[PDB]
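Everything on this sheet refers to the single structure shown next.
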Amino acid sequence: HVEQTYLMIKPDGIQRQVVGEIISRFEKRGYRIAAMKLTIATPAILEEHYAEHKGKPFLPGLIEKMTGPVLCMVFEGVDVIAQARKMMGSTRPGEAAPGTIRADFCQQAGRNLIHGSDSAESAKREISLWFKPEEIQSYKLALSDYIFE
Amino acid sequence: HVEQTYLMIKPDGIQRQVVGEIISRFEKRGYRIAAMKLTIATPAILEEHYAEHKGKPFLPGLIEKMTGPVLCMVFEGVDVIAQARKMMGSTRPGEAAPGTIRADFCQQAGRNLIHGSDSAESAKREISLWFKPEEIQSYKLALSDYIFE
Amino acid sequence: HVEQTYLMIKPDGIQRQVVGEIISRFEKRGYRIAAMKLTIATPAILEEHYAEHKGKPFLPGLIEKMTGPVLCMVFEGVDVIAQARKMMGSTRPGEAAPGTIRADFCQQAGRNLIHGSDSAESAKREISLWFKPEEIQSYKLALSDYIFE
Ligand SMILES: Nc1ncnc2c1ncn2[C@@H]1O[C@H](COP(=O)(O)OP(=O)(O)O)[C@@H](O)[C@H]1O
Ligand SMILES: Nc1ncnc2c1ncn2[C@@H]1O[C@H](COP(=O)(O)OP(=O)(O)O)[C@@H](O)[C@H]1O
Ligand SMILES: Nc1ncnc2c1ncn2[C@@H]1O[C@H](COP(=O)(O)OP(=O)(O)O)[C@@H](O)[C@H]1O
Ligand SMILES: [Mg+2]
Ligand SMILES: [Mg+2]
Ligand SMILES: [Mg+2]
């Protein structure tokens, strides 16, 4: 039984030119790329993305930092929502575990490279916000017999 | 004092073609390759290898998943039995620590890439099961003065 | 607000020829090289470097193992003193967390690849010990906007 999560490379991931390295970390576990799109995030879409943080003092600066090129992604795998969060590490890179993306690449929460859905509910909502359905691709990995039980 | 452990790349490690990456992780710590052999594991030898799991519900499926090409290895180093187990990570990849082999490469316990001895007694037994003594090679690493105290 | 820490590649890092890999780990987080110098450490400077261990049993052997080529480094970043210590891992490689330098490269405390300042006071002292002020270089990373909040 697999699930899908929404992962987004933030503008610092694009500008520091580590997109391929990020993707390789998820491919290495046999997670399937179900969707991938480069766009430029705008305030209106970012306000919906970060709707839970509406009204807060730190939202305007977050929206400014996120206004930039992003790579929207959907990955599929066993427990991939929680696992992708674990692989990203803590929001604050200084608290993130060695070997996580944020610990290996970053210094501060405001420039922490990547976003990942925090729950099944947020994954459904975020995939619907950033992708049209035709952009979610269904296919099977040829190495499935060696990735799954 | 150094010891020797038995490490085996399972058929998923062969088929996903990550043998070299696995070997490099152990070489990186200055662990010495003392033996290495590609074979195809058969139920009879696997039954002896996994004798501690006799009767357990997962054993028949484990033997099936392990019937395939494997790379038998012996590595030598300080505390290498416990250390290699730490590098492998937990049986479940989802529970394994970031930076371990199972967390970095795998999703599920039944396809978790690598076996390693869990104790001095099991290392002795497993090395003897899979290797004849003439297959164990003794040499000294040229960088020994910079690896060992 | 950034700070500067003193990092030193020990003779085993030089001789095992992993200098570039070590530097890449710190560059990967956007830490800035503020100073760098290859020298051959002498007992006199090592006595002052390791003054806190004066009288201790392992000191003379530590000085001996450290009498050789070293790479003196100063790296700048947010919380970089504590963060570089986290990235190095525990003194004993066998106790260091997976994904740290010492866990990924080493076996024993006497050959654990790298030194890093352990506090703000020690970083100031160690930088001044190994570098003259003229050797410390001030410049801005062009990716600063994508590294720092
Ligand atoms: N105190 C803070 N200072 C700067 N940026 C923050 C702070 N808190 C959150 N952020 C930013 O907002 C993003 C979304 O917030 P949140 O959902 O709490 O974290 P995460 O993305 O780890 O789930 C974070 O990834 C981070 O970039
Ligand atoms: N509940 C399970 N489901 C699927 N596979 C399992 C399960 N328990 C064990 N296994 C498989 O059997 C192998 C041997 O089990 P065990 O010796 O307990 O683990 P380890 O290899 O971590 O020492 C594991 O590496 C794993 O591939
Ligand atoms: N018990 C020990 N055995 C061998 N070498 C040691 C031991 N303790 C310390 N050392 C060596 O002395 C160095 C300095 O010791 P210390 O300052 O306590 O560790 P660290 O470098 O982790 O801060 C260590 O990096 C290590 O090379
Ligand atoms: Mg969030
Ligand atoms: Mg076992
Ligand atoms: Mg110290």
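Read the figures in this text as sums done on the coordinates, not as results from a lab. Quick reminder, even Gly has a Cβ in these numbers, built from the backbone with ideal geometry, and neighbours come from all protein chains shown.
To the nearest 20 Debye, how big is the dipole of segment A:3-138 about its Cα centre, given +1 on the beta carbon of each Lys and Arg and -1 on that of each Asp and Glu?
280
Calculated FRET efficiency, A:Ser128 and C:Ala82, Cβ-Cβ r, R0 51 Å, to nearest 0.05?
Approximately 0.80, to the nearest 0.05.
Which residue, A:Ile45, A:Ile81, A:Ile101, has the most motion in a Gaussian network model of chain A that connects Cα atoms within less than 10 Å?
The residue with the greatest mean-square fluctuation here is A:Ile45.
From the convex hull of the Cα coordinates of the protein assembly as shown, what is the mean projected area in square nanometres?
Orientation-averaged projected area of the Cα hull: 24.0 nm².
Give me the Kirkwood hydrodynamic radius of segment A:3-138, using the inverse of the mean 1/r over all pairs of distinct Cα atoms, in Å to one decimal.
15.0
Could you check the simple spin-label distance between C:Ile40 and B:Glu21, using points 7 Å along Cα→Cβ, in nm with one decimal?
Spacing of the two 7 Å Cα→Cβ label points: 4.2 nm.
List, shortest first and in nm to one decimal, how far the label point of C:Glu48 (7 Å from Cα along Cα→Cβ) is from its counterparts in the other copies.
Inter-copy label distances (nm, one decimal, shortest first): 6.4, 6.4.
Compute the long axis of helix C:120-130 from its Cα atoms, compare it with the longest principal axis of the Cα atoms of chain C, and write down the angle in degrees, 0 to 90, nearest 10.
Tilt relative to chain C: about 70 degrees.
Work out, step by step, the length gained on full extension between C:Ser138 and C:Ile33: first 0.36 nm times the residue separation, then minus their alpha carbon distance; give nm to one decimal.
36.9 nm
Copy-to-copy spacing for B:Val19, label 7 Å out on the Cα-to-C-beta vector, in nm, shortest first?
Distances to the matching label points in the other copies: 3.5, 3.5 nm.
Residue of C with Cβ nearest the axis relating C to A, plus distance in whole Å?
Output: C:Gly99, 2.
Using the Cα atoms of segment B:59-144 to build a convex hull, what is its mean projected area in square nanometres?
Projected over every direction and averaged, the Cα hull of segment B:59-144 covers 7.1 nm².
Taking the alpha-carbon centroid of each part, what is the distance from segment A:9-86 to segment A:88-112 in angstrom?
Going from one Cα centre to the other spans 14 Å.
Distances from B:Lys132 to the same residue in each other copy, label points 7 Å out along Cα→Cβ, in nm, shortest first?
6.7, 6.8
Go through segment B:1-101 and name the trypsin sites (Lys or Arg not before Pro) that are in a DSSP coil and have 13 or fewer other Cβ atoms within 10 Å of their Cβ.
In loop regions of segment B:1-101 (DSSP not H, G, I, E or B), the sparsely surrounded trypsin sites (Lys or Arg not before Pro) are B:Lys54.
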